[PDB]
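In the form deposited in one PDB entry, a lone chain appears below as structure tokens.
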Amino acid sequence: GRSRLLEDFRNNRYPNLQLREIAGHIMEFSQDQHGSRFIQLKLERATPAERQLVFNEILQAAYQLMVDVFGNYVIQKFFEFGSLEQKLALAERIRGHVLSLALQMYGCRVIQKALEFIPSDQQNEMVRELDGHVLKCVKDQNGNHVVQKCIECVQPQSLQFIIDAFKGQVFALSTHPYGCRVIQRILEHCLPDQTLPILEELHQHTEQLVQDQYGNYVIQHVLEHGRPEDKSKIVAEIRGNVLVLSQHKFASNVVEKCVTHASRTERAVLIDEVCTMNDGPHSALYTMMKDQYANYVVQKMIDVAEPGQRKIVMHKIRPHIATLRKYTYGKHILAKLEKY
């Protein structure tokens, strides 16, 4: 299968091989483990003349290289360092194939790279080829990265169709391992008329979402980047349940984000809840300090509590200081107390 030239190249007969010397052999080298790398390194410091020579041989069969295990890297390099005309030509070779490349293990990488460097007109045209296949792409291991990329690179106005497709299924997608990702990208880049519906559904299912393996990340995202109004709705769902959620493998993380990003009043109230409320033997705080997950919440509470309130928290912990040593997680609270 390999030509003499490539054959000899792999055998090291050409230690000083230059781009111009593999003329007529570009496609072959590109689909070869070492040949590809050989081309990729020459493409970054090659005269636009040498680059065109390489371009001439891959344009026609560009797609074949896009879905190639080693060839997809040569195409990516042109989208990044090639000329504007070369990027546009490759873009034309992609036309009509966006969907299949987006779901392709190697091609999805080309699509993502292309979206980053082509003009808005070519981006929009690429995006439109996904019209009608949004959920299929969002749920695909390769395709979800292309959708995320669209969301971060394309004018949010051209993404409305993705928003339309997400309406009514936000809860379902927020617990999906790829969907939770796309949803976080939508919250960071889309327009208010587009994030509003998404947020309304996230609020509707906050209770289930904070406890979900993936949904908890979506909720934490809102706490770390959302508007105060959205952050407050989330904090309101958490209050009254601090103790229980603090002991949950997934929701405990959301409790921490609430403590950290809540308003001054909200923060004081969440901490007080566990300083006042009693849990069977002793207060909620004591049970929290001995728990495998809640001990982290107590520490976050010590860190952000205001001086006056930190004092209250310390006094609550104080009496248990000697006993804490006998518990796996209590010990970790003792360590935290050291600094204080």
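The numbering used is simple: start at 1 and walk along the sequence shown. Whichever C-alpha set is largest while still superposing within 1.5 Å between the two forms counts as the rigid core.
Unshown form deposited in another entry; subsequent notes refer to it.
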| query | finding |
| --- | --- |
| Core-superposed comparison between this form and the one not shown, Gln31 Cα displacement 2 Å or beyond | no |
| Threshold 2 Å Cα movement between this form and the one not shown at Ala284, rigid core reference | yes |
| Post core alignment: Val274 C-alpha displaced by 2 Å or more between this form and the one not shown | yes |
